[PDB]
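Spelled out from the first residue to the last, the chains are:
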Amino acid sequence: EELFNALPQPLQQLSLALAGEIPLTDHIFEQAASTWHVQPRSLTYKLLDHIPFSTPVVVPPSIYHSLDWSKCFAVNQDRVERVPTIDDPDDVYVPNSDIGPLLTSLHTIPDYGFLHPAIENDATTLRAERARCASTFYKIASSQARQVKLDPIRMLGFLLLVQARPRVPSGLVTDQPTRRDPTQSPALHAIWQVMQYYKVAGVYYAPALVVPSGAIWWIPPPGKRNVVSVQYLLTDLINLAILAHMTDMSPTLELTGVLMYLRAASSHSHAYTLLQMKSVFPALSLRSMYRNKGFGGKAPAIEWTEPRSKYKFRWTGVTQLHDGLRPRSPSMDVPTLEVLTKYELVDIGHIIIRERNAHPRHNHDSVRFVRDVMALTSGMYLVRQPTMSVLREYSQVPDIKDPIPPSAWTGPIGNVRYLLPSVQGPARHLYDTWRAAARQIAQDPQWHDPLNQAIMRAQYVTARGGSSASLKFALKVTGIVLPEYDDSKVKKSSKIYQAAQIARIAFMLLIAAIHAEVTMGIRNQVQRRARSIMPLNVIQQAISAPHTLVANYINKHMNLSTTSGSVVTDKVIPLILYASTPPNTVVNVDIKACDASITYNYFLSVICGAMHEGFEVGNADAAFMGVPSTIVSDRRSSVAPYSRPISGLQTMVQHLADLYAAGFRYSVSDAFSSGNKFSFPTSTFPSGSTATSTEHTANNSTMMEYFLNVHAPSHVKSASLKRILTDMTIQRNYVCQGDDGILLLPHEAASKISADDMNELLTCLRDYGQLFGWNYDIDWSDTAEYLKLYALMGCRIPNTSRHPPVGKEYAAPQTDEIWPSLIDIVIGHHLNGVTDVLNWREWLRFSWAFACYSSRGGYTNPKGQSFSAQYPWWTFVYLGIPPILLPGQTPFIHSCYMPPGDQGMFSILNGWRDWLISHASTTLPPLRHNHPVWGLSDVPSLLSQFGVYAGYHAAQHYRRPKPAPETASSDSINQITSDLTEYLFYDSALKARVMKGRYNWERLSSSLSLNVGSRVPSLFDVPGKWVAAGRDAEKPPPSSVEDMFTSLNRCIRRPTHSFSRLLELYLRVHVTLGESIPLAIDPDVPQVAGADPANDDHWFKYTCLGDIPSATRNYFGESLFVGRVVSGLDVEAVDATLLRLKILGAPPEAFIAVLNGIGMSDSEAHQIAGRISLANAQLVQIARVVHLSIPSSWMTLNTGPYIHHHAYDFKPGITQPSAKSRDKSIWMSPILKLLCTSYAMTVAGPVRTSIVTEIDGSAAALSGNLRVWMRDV
RNA sequence: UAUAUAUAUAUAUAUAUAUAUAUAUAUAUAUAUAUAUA
RNA sequence: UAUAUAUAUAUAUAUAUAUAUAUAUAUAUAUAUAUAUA
RNA sequence: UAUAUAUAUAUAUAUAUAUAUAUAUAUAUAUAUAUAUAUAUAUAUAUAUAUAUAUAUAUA
């Protein structure tokens, strides 16, 4: 491969290491990283010359047809709009224009350019129209290019490097070498052809270059001109090329994707063109697979347990597939082909359909094909001008087909109107439901509990926030002089900052401020319009409390919130799998825009009236959250009007209804556009975070229930449909979360419902939603779409396109981040490639290349010095990336499921133990006195020679700079503290409780001499945590950066030869692997697409353990003792301390002090303390006391039973008696089991039984040291 | 000039039957290559 | 040279899918004729 | 409306006193580490004295 010869020497070495030829070393690790940072990026394109492509792809010159930008922008009413070219009002995206004329030249790199300083000045100072339009166009065009985790060229360099040389085979019988090869990929050939336009003297000038402040462009010569779309096309091509290789797809499918992108790029508005024909691929493949005759195969047999509210499922065998079970819904070929005819891409459909017809039976190949084809959709984070986005989304109002007549209301109650009893229909149903819930909320001593009140107030504060300026204005307007703490370096717009200002003020004085402006933000998306973030101010968030509370009660006490408890997201996995099984018919539904359709004229007025009436049952004089009862005029009786008191809850409703009727008033201040901030109101619900899911899920459930039980039976025609539609209820037939929803039909007896009845049913539902202005957007394709998860016949399909390898969202014109953060990006990037099942061997190779580039970085003072550093590669091992090849071992023996942290280290060393010991003896002189785990052979020196300690400690170092304090600012720190504590401790009982607990605790901890300095979670530190978070949200000063680099280097250079005490002790255990465990399911049945004999290790791991989490006796430790806690503190810290105390045998008052330290009253403290026992605790619950946790990668596997009865901590016939844990086994055995299973999961291949065989020291010695360490911390 | 109904012709779509072509799967025969045995 | 296994090609048979042609039925559009109304 | 004088209030500057916070220096106490000195114990080396053995020289 001449390309391998083209690489420079260090990169050739790195490629050899990645191929598994040689063990990786820090030396070559640096040489590769360094040289990448010094050579120009264009050379990566230069590498493409040495690929003899043989693919049938032609790049039409139609691409280079820049449409003039001047006609794509205009300003009216002093705002820069997009003025769409086509008559479609949605063409509001970046056009296809030549950016060239707007460029100057840089002094550093003369070839590339940036915006004219003249243009931006005139747009800023003169507000000149054309200047502003040019600026806006330049800003957004640059931003669209910036939507990548790093420069795409670097990723392309990674792909070439790994693909430059075939990987060496391992000894495994399932290690199939790659079937795909270069010179056959249409993507790379396409990149070659298109890039031929950008060379002048064989130099291959990149069309653009991304920088921290955005992206720069190259000035074209007089002959040529660069269209911004080309850059986007390159990114899509590179992303597709990487994905195709990792997914190992046929070149034909990649060919179709290339043609797909080219056609989109040829026309104007590359983004808009792609967006229009988005769903073509899933419709062609996923929605229509088995609509033929030769159907068959094996399918999972999943059963839903009787208490369906618990969402518990059981795998109970397999089911043979046959024609009677084949999908009933019509295919999707006709509409898709009709759409494709518009863009004359019918060939793509013909190719896809013909290829699809080669999979008549459901098996691994079929789903693998589906996974690959669905991976063809564009992975670009689309971005448009926020001004257009806000103008296009919130300009919608629902259309009600039968409005509530005005005569249907009673007389006013000051603001609200009650609903007349004579009114029926869905509105009546909605009214009663909310009213009933309001009644239940009304009398509930759960509130007025001071602890619960603390939870609600604390829930309102986060590091982020907004609308602070509106807050300061509104209160200053009403004569309220708020405090300030600027010297305490914390952002004013933080929700924390405004909360501190409010602490002292009597609440009712603030009531006028709730009718104030709210700022807004935008977050871009991959396959849809960008999302919206609308953070209310703290006061508004407080007022809306009743709305949330009632919604919560509706959810938690009707359909159990339809999984909106979100305890572990994986509970939806078995649900959709069950929903997609052949015996069941499922329908996917979701509100078209629930945020935009909920409104006051129809919905909120009804809810407000119901809540206000529902609160009538209760003491009319009972203040709630500092809101006192007031007098309101009642005008229900025209003959006898009067005024009566109303409780604080009702007063809240009175104002809340007023606000909703007035409509939200937003203020847009987009930065990408130029000087165009303004404010306009809308009825669109905020819906900026999970706090909105409760309301929409409640209304979603309510309307669905009424439709099923009342509207549909009264209106449908088919008698058979009526027969099956009856005996159906939401609690066992429907789930939802926000707009999203799933509806599944009762099992038709050995049969399926007529599509005719389905059409009748679906039609009526659409009309039902049309009544009150909900577009239901339903579909029926015998698949499962819920929370962006896809299941087909009980097999999960990872939609990889939603996690593009290169793409990353950036919501601001500047990246605003520092170099070390890139490491965390790499770690998160790699995990997705594990969550989604890719070719695990090749994905690992690519990951290391990414890591190598990220391993190095530098910084420069605003005026002064530069700084630099880089990590030894062992860091990434500690961070959770398996090594490819260790010295003395064979490559590719470590599975991706290897746990991060100490566990991964221990497992690696445990396997590597014997070779290290023997090799150290030959190579080095013995150490001077005996070692606990090692002999005299002195492996630690060898590890230092490998730089293991350097990497091990380097990964421990922090990666974000720290802000500095000040003393007059500390007066503000105290002022900030005092007020935060004041806001937290509204009453006095909590303060007395915490103070008593803290005083007793330190007294006990010192006098009993457990230890001193134990940072125990307590409420007094919660404000401190808030303050630190608030100060951290600020951009750090350069001095902090310099401290980081210096500290990091010193930590790297310091010669240390010891791990943490825990890892040192963990090495004392010897673990061995026996035979394979009995299988969970039939290996024939596919469960996750791509986890097949080709991708062996995933296929092994899933097959052995089974995917369905089925903790019938374990419950994965979710039964934490402290169900109710305040924000800021960590439950996982609290229970760990409690168990640690219990193991240490502390006296009960120690528990009492600790519990009282977090607000628990003495009585409940005793009650809680009594529950603490080593028996009822779960394996993971107790094992976490020493930070032994379950890796996130395991959350999709049924590891419970294995850990329970497959990891033998003491097998009688194998273990040495020295390792017998004896009585301490009650808390020793879980630790050993966790270590054992971690090692077993580390190695590749099938899961084997794990057995402790020996502890070098006695088990007693191990337990004693552990108790010491537990007492120390 | 227009609307409605009926008949006839032509075009398009859907269903069924027959013929031809192409693709895929399975079986059998023949040829060629590679491996093993004699 | 023969046997056995694997791969590829060609021929024949059977099944499935798609396309094209012809026939029949149904729907829609257009033209022409006839009737009725304006 | 203005000027001059006196009194009172508010703001700004400067000086002095008191309180609180932060930094620096000095003193005292306590803990830990290192060095040195003195005493006691054990080991090793060297020197001197006495006894015994062996070798060599001289005398009888």
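J.: Would you mind going over the overall build of chain A in detail, with residue names and values included?
T.: When you go through chain A residue by residue, the secondary structure sums to 48 helices and 27 strands. By the compact-globule yardstick of 33 Å for 1273 residues, chain A fits well, its C-alpha radius of gyration being 32 Å. Based on the C-alpha atoms only, the size of chain A along its principal axes is roughly 105 × 85 × 75 Å. For chain A, restricting intrachain contacts to residue pairs at least 6 apart in sequence, the fraction spanning at least 24 positions comes to 78%. Of the accessible surface of chain A, which amounts to about 50800 Å², a share of 56% is contributed by carbon and sulfur atoms.

J.: Go over the pattern of salt bridges with me, naming the residues and quoting the values.
T.: Opposite charge on two side chains allows them to pair when their charged atoms are near. Per the counting criterion, the structure on display carries 40 salt bridges. For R41, the salt bridge is made with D151, and the minimal N-O distance between the two is 2.4 Å. Placement of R41 in the loop between α3 (26–36) and α4 (42–46) and of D151 in the loop between α6 (129–145) and α7 (152–163) is noted, with a sequence separation of 110 residues between them. On the accessibility criterion, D151 (6% relative accessible area) is buried. Note that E842 and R167 form a salt bridge whose closest N and O atoms lie 2.5 Å from each other. With a gap of 675 residues between them, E842 in helix α31 (residues 840–854) and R167 in the loop between α7 and α8 (186–195) connect regions that are remote in the sequence. Judged on exposure class, the residue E842 and its partner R167 are both buried. Sharing partners across several salt bridges, the network here consists of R167, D175, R841, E842, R845 and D1096.

J.: Mind laying out the side chain of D151, listing which residues take part and the relevant values?
T.: Within the structure, the side chain of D151 is placed 2.4 Å from the side chain of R41, a separation counted as a polar contact. Look past the residues within four positions of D151 in its chain and what remains in contact with it is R41, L209 and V210.

J.: Help me get a handle on the packing of α7 against helix α9 (residues 228–247), residues and values and all.
T.: One can describe the packing of α7 onto α9 by two numbers: an axis separation of 10 Å at closest approach and a directional angle of 30 degrees. When the axes of α7 and α9 are compared, the pair comes out roughly parallel. Of the two elements, α7 crosses α9, and the hand of that crossing is left-handed. In this structure, α7 uses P152, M155, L156, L159 and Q163 to contact α9, whose residues at the interface are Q231, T235, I238, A241, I242 and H245. Split by residue class, the contact of α7 with α9 holds 7 nonpolar, 4 polar and no charged.

J.: Talk me through the packing of helix α30 (residues 821–835) against α31; I want residue IDs and the actual numbers.
T.: Across the interface, α30 lies against α31 with an axial gap of 10 Å and an inter-helix angle of 175 degrees. Taken together, the axes of α30 and α31 lie roughly antiparallel to each other. Facing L822, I823, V826, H829, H830, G833 and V834 of α30, the residues of α31 in contact are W843, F846, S847, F850, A851 and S854. For the contact of α30 with α31, a count of residues per class yields 8 nonpolar, 5 polar and no charged.

J.: Any details on the UniProt feature "domain: RdRp catalytic" in chain A? Residues and values, ideally.
T.: Within this structure's numbering, the places UniProt gives as "domain: RdRp catalytic" are residues 560–797. Secondary structure content for residues 560–797 is 37% helix and 18% strand, and the end C-alpha separation is 27 Å.

J.: Before we move on, could you go through the side chain of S701 and cite the residues and values that matter?
T.: Position of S701 among the secondary structure elements: in helix α27 (residues 693–715). The class of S701 is buried, set by a relative accessible area of 2%. Not counting residues up to four positions away in its chain, the partners in contact with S701 are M558, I730 and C736.

J.: Before we move on, could you go through the pairing of strand β13 (residues 586–590) and cite the residues and values that matter?
T.: Counted residue by residue, β13 has 4 buried out of 5 residues, so it is predominantly covered. Where β13 meets strand β19 (residues 740–744), 5 bridges bridge the pair, whose relative direction is antiparallel. Bridge pairing in β19 places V587 opposite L743.

J.: Quick rundown of the nonpolar core? Include the residues and the values.
T.: Counting residues in hydrophobic clusters, the biggest one holds 233 residues, and the most contacted among them are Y45, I797 and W848. With 12 residues, the single largest contributor to this core is α9. Here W848 is in contact with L18, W873, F876, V877, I881, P882, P883 and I884, once residues within four sequence places are set aside.

J.: Which residues make up helix α42 (residues 1131–1144), and what values do they have?
T.: Taking 1.5 Å per residue as the helical rise, α42 with its 14 residues ought to reach 20 Å, and the 20 Å between its terminal C-alpha atoms agrees with that figure. Taken residue by residue, α42 has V1134, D1135, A1136, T1137, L1138, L1139, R1140, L1141 and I1143 as its buried positions. Lining the buried residues of α42 we find α43 (1148–1156), α45 (1179–1183), α47 (1225–1242) and α48 (1259–1272). For α42, the N-terminal capping position is held by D1130, with its side-chain oxygen 2.7 Å away from the main-chain nitrogen of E1132.

J.: Could you give an account of a positive patch on the surface, naming the residues involved and the relevant values?
T.: On the surface, a cluster of positive charge is contributed by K278, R523, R528, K592 and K788. Its location among the elements puts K788 in the loop between β20 (784–786) and β21 (789–792).

J.: Which residues make up the sheet that holds strand β27 (residues 1248–1255), and what values go with them?
T.: In space, the 3 strands of this open sheet follow the order β25-β27-β26, with mixed pairing throughout. Looking along the sheet, the strands with just one partner apiece sit at the ends: β25 (1069–1076) and β26 (1207–1208). Examined bridge by bridge, β26 and β27 share 2 bridges and lie parallel to one another. Bridge pairing links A1207 to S1250 in β27. Contacting β25, β26 and β27, α47 crosses the sheet at an angle of about 125 degrees to β27.

J.: Lay out the sheet that holds strand β3 (residues 112–113) with the relevant residues and their values.
T.: Across the sheet, which stays open at both edges, the 3 strands sit in the order β3-β5-β4 with antiparallel pairing between neighbours. In the strand order of this sheet, the two ends are held by β3 and β4 (208–211), each with one partner. Pairing of β3 with strand β5 (residues 214–218) involves 2 bridges; the strand directions are antiparallel. Bridge pairing links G113 to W217 in β5.

J.: Residues and numbers for the pairing of strand β8 (residues 409–412), please.
T.: Inspection of the sheet shows β8 paired to strand β9 (residues 417–419) by 2 bridges, in the antiparallel sense. Residue pairing in the sheet places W409 in a bridge with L419 of β9. A loop of 4 residues connects β8 with β9, the two strands running antiparallel in sequence, and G414 in this loop sits at a positive phi of about 100 degrees.

J.: So, unusual backbone geometry: which residues are in play, and what are the values?
T.: Phi is positive for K788, close to 60 degrees, though the residue is something other than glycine. Unlike most non-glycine residues, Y1115 shows phi in positive territory, near 65 degrees.

J.: Report on the environment of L980, specifying residues and quantitative values.
T.: Secondary-structure assignment places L980 in helix α36 (residues 967–984). Note: C-alpha distance between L980 and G1024 (44 residues apart in sequence) is 8.9 Å. What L980 contacts, discounting residues up to four positions off in sequence, is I496, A500, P1023, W1026 and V1027.

J.: Quick rundown of the packing of aromatic side chains? Include the residues and the values.
T.: Enumeration over the complete set of coordinates arrives at 50 aromatic pairs. An angle of 85 degrees between the planes, with centres 4.8 Å apart, marks the rings of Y952 and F1059 as edge-to-face. Residue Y952 is found in helix α35 (residues 948–954), and its partner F1059 is found in the loop between α39 (1038–1053) and α40 (1061–1066); the two are separated by 107 residues along the sequence. The two residues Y952 and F1059 agree in class, both being buried. Through a chain of ring-to-ring contacts, the aromatic side chains of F29, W848, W873, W874, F876, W912, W915 and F946 assemble into a single cluster.

J.: Help me get a handle on the environment of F615, residues and values and all.
T.: By the secondary structure assignment, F615 is in the loop between α25 (600–614) and β14 (630–634). Through-space distance from the C-alpha of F615 to that of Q650 is 6.6 Å; in sequence the pair is 35 residues apart. Residues within four places of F615 in sequence aside, it is in contact with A438, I441, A442, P546, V550, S647, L649, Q650 and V653.

J.: Help me get a handle on the state of the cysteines, residues and values and all.
T.: Taken as a whole and judged by the stated rule, the model has 0 disulfides. Unpaired in this structure, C72 has its nearest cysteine sulfur neighbour in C133, at a distance of 11 Å. Overall, the relative accessible area of 1% leaves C72 in the buried class. Free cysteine: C795, not disulfide-bonded; nearest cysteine sulfur from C1104 at 17 Å.

J.: Account for the environment of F1059, naming residues and giving values.
T.: The buried category is assigned to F1059, whose relative accessible area is 8%. For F1059 and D979, which are 80 residues apart along the polypeptide, the C-alpha to C-alpha distance reads 43 Å. Once you skip the residues sitting within four places of it in the chain, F1059 turns out to touch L943, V948, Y949, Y952 and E1064.

Cut-offs applied
Residues numbered from 1 in each chain as written, not as in the entry; some residues may be left out. Chains lettered and ligands numbered in written order. Part of a larger assembly, values for the part shown. Heavy atoms only, no water. Helix = DSSP H or I, 4+ residues; strand = E, 2+ residues; numbered from the N terminus. Rg over C-alpha atoms; globule rule 2.2 N^0.38 Å. Contact = heavy atoms within 4.5 Å. Areas by Shrake-Rupley, 256 points an atom, 1.4 Å probe, with all protein chains shown as cover. Salt bridge = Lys/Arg side-chain N within 4 Å of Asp/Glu carboxyl O. Buried < 20%, exposed > 50% of the residue type's maximum accessible area, 1.4 Å probe, protein only. Polar contact = N/O pair within 3.5 Å; in protein donor to acceptor, adjacent residues only side chain to side chain. Axes fitted to C-alpha atoms, helices over the stretch in contact; angles between N-to-C directions. Parallel < 35°, antiparallel > 145°, perpendicular 65-115°, else oblique. Left-handed = near helix turned anticlockwise from the far one by under 90°. Nonpolar A, V, L, I, M, F, W, Y, C, P; charged D, E, K, R; others polar. UniProt positions renumbered as here; feature names shortened; annotations may be inferred. Pairing = 2+ DSSP bridges. Core = buried A, V, L, I, M, F, W, Y, C linked by side-chain atoms within 4.5 Å. Expected span 1.5 Å × (residues − 1). Patch = residues over 30% accessible without salt bridge, like charges linked within 9 Å, V, L, I, M, F, W, Y side chains within 5 Å. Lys, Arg positive; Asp, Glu negative; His and termini not counted. Charge placed at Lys NZ, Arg CZ, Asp CG, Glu CD. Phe/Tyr/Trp six-rings, centres within 6.5 Å; stacked < 30°, edge-to-face > 60°. Disulfide = S-S within 2.5 Å.

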